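First, one chain by itself: the form deposited in one PDB entry, in structure tokens.
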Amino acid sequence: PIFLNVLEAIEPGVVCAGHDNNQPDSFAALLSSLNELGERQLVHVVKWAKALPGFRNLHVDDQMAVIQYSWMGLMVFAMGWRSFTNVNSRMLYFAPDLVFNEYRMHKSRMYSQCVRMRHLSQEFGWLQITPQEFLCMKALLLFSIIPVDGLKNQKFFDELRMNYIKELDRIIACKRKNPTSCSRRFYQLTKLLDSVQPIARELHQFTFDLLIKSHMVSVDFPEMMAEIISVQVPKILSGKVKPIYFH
């Protein structure tokens, strides 16, 4: 199980937001903590991504672009999983020190998105997603959004994405001699992975609007995040960069 050994081995550990939970909730503080948390997780997403099998094959510019585009979705997916395993989807486990109840979902002004992620969290349970299916599905997510104009080395990207799909097939076939059983599972999983995109889109849109009026709501946007939101996110919202759906 070389491939899964690698995925387990590089899976980021716990990342805290540094939020002050002794302070009454507020939009400004919850959002600054979400911004800071997002940035902290990005540090790990980059280290994770670069240690992924075959990733280094991608052109240097493609590696960075793909990480930045996939950044939101990857966080959404892992957060839903953490929410499921830690609190049985009762709340959204953004981080040990940043857990959202409905009140916080409402106060963050990201209520519709949070509810959608809570449903995703429940999906992990309802579909009985295994830790290994999760790990492989997450790696696949990193290769699920590309520019219409194409990457520097599109062929390398396609090969890599195809190999990751092949690994998902193997994890699914492992202990399923019934083809019909494998097919239904692949259907369920690709359906779950597609559901992540629309959620990341609503968060992208929300964050973009927020950045534009950040000075009007007292939100502190970190350096790297502001740059990525103003350079990369606009490409997604305008349709120049699109997610790869299965269905």
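Residue numbers run from 1 along the displayed sequence.
The next section is about a form of this same protein that is not shown, the form solved in complex with a partner chain.
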**Asked** Taking heavy atoms and a 4.5 Å cut-off, does residue 60 contact the partner chain in the deposited complex?
**Response** yes
ask   = Does the partner chain get within 4.5 angstroms of any non-hydrogen atom of residue 68 in the deposited complex?
value = yes
Quiz item: Is there a heavy atom of residue 213 lying 4.5 Å or less from a heavy atom of the partner chain in the deposited complex?
Solution: no
Q.
Using a 4.5 angstroms cut-off on non-hydrogen atoms, would residue 43 count as touching the partner chain in the deposited complex?
A. yes
Of 217-225, 200-208, 186-194, 25-33, the segment with heavy atoms within 4.5 Å of the partner chain in the deposited complex is residues 217-225
message = Taking a heavy atom within 4.5 Å as contact, would all three of 233, 240 and 242 count as contacting the partner chain in the deposited complex?
response = no
